[PDB]
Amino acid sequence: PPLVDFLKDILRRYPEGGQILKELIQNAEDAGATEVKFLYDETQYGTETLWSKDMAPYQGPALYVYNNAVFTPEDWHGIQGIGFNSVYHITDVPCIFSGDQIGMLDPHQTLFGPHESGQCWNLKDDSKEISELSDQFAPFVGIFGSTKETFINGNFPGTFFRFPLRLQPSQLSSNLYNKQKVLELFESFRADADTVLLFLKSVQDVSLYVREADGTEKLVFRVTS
């Protein structure tokens, strides 16, 4: 059972595209986060200074998810009920930024090498490479308080994910996400939000946003317990 086929089957067996939203809230809860933010970002990034040209399909609109906890080493090991794997409903290349590290997962095992299932950069140890790959890392600044100085100094005291939305079929999935389909996820969560927060004791605030192409931000929904 190869990784891509395994995941493909899991996504067929657990078809609800929205599970990653409740799943990430649960993970934030376990981590002792007190707030979670979801943001649909329409921003298109450049495709020049990437790890490789094969990264270009992942430079467009993305769902971001923030929480105010920092990953432990164990959290990173865990990341690298179908758990995190529901993310693959919406993206082929989930990205994780927490503390001093950014990771990108690649179940296709094509982007980083035929023996690699992903890649990690340390903001300090790999600072030169990051700076070289400015288009690759631009999507990790200017959101949730991450600034250029975050990368210069090398620590972001929180967690966020970037899930570039699937715009063409892949070996994982035929399901494409656009703004409409992401807003459908947001509306479905909105319906269930009081029930989700019901049993949580750490996460007390969940908010959903859109950042438009011109940079304008719209509050879609916010729920507190």
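Residue positions are given as counts along the sequence shown, with the first one as 1.
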Open item on the list: Can you tell me how many deposited residues have no coordinates between residue 131 and residue 132? The categories are none, 1 to 3, 4 to 9, and 10 or more.
Closed with: none
Task: Of 58 to 66 and 184 to 192, the stretch whose C-alpha atoms average the higher B-factor in the entry - done: 184 to 192
TODO: Would you tell me which stretch averages the higher CA B-factor in the PDB entry, 121 to 129 or 139 to 147?
DONE: 121 to 129
- [ ] Would you mind checking which of 109, 101, 91, 153 has the top Cα temperature factor in the PDB entry?
- [x] 109
Task: Out of 45, 160, 38, 51, highest CA B-factor residue - done: 51
- [ ] Would you mind checking where the Cα B-factor of residue 22 ranks among the modelled residues of its chain, as the lowest, middle or highest third?
- [x] middle
Task: Ranked against its chain, the third holding the CA B-factor of residue 97 - done: lowest
- [ ] Consider only the C-alpha atoms of the modelled residues in this chain, order them by B-factor as the entry records it, and name the third containing residue 219: lowest, middle or highest.
- [x] lowest
TODO: Please place residue 198 in the lowest, middle or highest third of its chain by C-alpha B factor as given in the entry.
DONE: highest
